[PDB]
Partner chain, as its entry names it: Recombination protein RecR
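In structure tokens, one chain follows: the form solved without the partner chain.
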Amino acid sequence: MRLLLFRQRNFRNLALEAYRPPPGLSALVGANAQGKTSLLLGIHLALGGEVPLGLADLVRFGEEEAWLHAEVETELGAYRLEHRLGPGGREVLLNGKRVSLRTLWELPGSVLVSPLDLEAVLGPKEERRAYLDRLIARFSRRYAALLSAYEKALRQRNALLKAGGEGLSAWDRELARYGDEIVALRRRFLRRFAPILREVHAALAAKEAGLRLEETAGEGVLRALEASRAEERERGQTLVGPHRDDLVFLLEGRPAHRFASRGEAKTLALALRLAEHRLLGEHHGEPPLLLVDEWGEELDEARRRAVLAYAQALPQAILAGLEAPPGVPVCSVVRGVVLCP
């Protein structure tokens, strides 16, 4: 796509009226507590994204109605997106008519690279496994249905199994029915995902990076549930299934959650986001818009040049931070208002 115009009314501490991004790479500079995060967050929400914060904290102090408006231009045709926050919830108007948030799933959208994306690379097992589930669900709508259906059957089987025992064969059949499909989809996705991550991180650094998926029921879910009946009966839980897998990111053959430093995990997080951005371009046909917050804070001079040189080949990108990249147009944010010369 190509963003044309952004307009807001009483969104967080913002005090602007209109913002027109230029084509190609851009920049934003400022001091602490000025509103770079607020502006990027508003641009992300205007195109149909998600935010960690609740909708009651996204309105100005003492008001009840926020309004965001953005205009985009694609080959298909021009669009106008209207958002209206408040107490009842969101209200989206695509081109002038009320419509649900789900219909925007087909549009390219945007990609937001933020500091909290770094806590999945070096986080606990649950968080690492949860990161992959919501990434595959962005490309296939069938994966989410299977993932939601498997959980109900697992819970019912475990609840029955806590009560001594019964003819629980049917729940075993259902669990085996869903787990095999889930595992096959995961393998199929990672087979495509690994080479792009390998060849993207090789342009920002030197060492190689990879993935390893440790499976528990790889040969068969039912043939693994039959092989652990005594221990499962004694313990009272289902100990085998896709809900117990492991994902680890490797740096030169070592786990990244125990050996990697901070400026070395930041590059892995950015490479993961950039590899996701590339695949969505082939899936949709038009690459999304890239938004990066604090692009070069925790990195040294060698890495910053590589990031800045990679980011300049994209159709459109916006970087924000305390310092101005050299050679690119620069805006400024002062107490919520954006002004450019």
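Residue numbers count along the first chain shown, from 1.
Missing here is the form deposited with the partner chain bound; even so, the following discussion is about that form.
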| query | finding |
| --- | --- |
| Contact test in the deposited bound form: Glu166 vs the partner chain, heavy atoms, 4.5 Å | yes |
| Close approach of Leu213 to the partner chain in the deposited bound form, 4.5 Å, heavy atom | no |
| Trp171: touches the partner chain in the deposited bound form, heavy atom cutoff 4.5 angstroms | yes |
| Heavy atom of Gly89 within 4.5 Å of the partner chain in the deposited bound form | no |
| The partner chain: the contacting residue among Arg191, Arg229, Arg141, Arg155 in the deposited bound form [heavy atom, 4.5 Å] | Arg155 |
| Listed residue that, although the partner chain is not shown, lies within 4.5 Å of it in the deposited bound form (heavy atoms), from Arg235, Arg134, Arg102, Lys97 | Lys97 |
| One stretch from 194 to 202, 213 to 221, 179 to 187, 68 to 76 that, in the deposited bound form, holds residues within 4.5 Å of the partner chain by heavy atom | 68 to 76 |
